[PDB]
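First to last, the protein sequences are chains A and A'. A prime marks a further copy of an entry chain.
Per the entry's author numbering, the very first residue in the first sequence carries number 1; after that it's consecutive.
Per the entry's author numbering, the very first residue in the second sequence carries number 1; after that it's consecutive.
Where is the CB? At the ideal position from N, CA and C, for every residue including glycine.
Number of protein chains: 2
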Amino acid sequence: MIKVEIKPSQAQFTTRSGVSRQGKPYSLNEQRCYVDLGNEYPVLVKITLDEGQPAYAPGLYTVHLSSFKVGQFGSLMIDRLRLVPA
Amino acid sequence: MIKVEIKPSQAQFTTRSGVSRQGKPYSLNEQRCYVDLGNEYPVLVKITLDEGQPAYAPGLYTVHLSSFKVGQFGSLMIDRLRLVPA
């Protein structure tokens, strides 16, 4: 259903760091990918990895159902784009 | 990929109405459905129809790619859940 691609230049992540308002330090890992939204070319997307997750290797992926959740106004939203081998 | 269902009790919509901050009147049509998020049972979801759209008849649906868009922080988000016969 949604075609996602991690290009050989996208095989690494970066880490942002900080502290929660209540004192607790955090760390977000992000990676980039291409998502085919049916336009002339795929678009570029930033995804945040879950804690303990390695970067996704190059390849073809599709979206896992766990990426979705119901939001606070009752509509479906994306939580975190979570991927599985295609 | 995502299983969506319009139950025989969900075959109608409701309309909210109003005026934009700049004077222009609007009207949103919404309908309810069940979305299988892989939990014990499907969850209940509100969807806003696009202008000129009739309510979806009862049945099985899946999500159309046009439901997705890149948001202003670079991540994938849902615009409006837009459905197609399964």
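* Asked: Which same chain residues, not among the five before or five after A':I78, have their C-beta less than 7 Å away from its C-beta?
  -> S67, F68
* Return no unless some Cβ of chain A is closer than 7 Å to the Cβ of A':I6. => no
* Asked: Which same chain residues, not among the five before or five after A':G71, have their C-beta less than 6 Å away from its C-beta?
  -> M77
* Proximal residues, the stretch 68 to 82 of chain A versus chain A', C-beta separation under 7 Å -> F68, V70, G74, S75, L76, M77, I78, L81
* Would you say A':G18 reaches chain A, if we count a Cβ-Cβ gap shorter than 7 Å as a contact? -> no
* Asked: Where does A:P42 fall in DSSP's three states?
  -> coil
* Asked: Is it right to say A:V63 is buried, meaning 16 or more other beta carbons lie within 10 angstroms of its own, or is it exposed?
  -> buried
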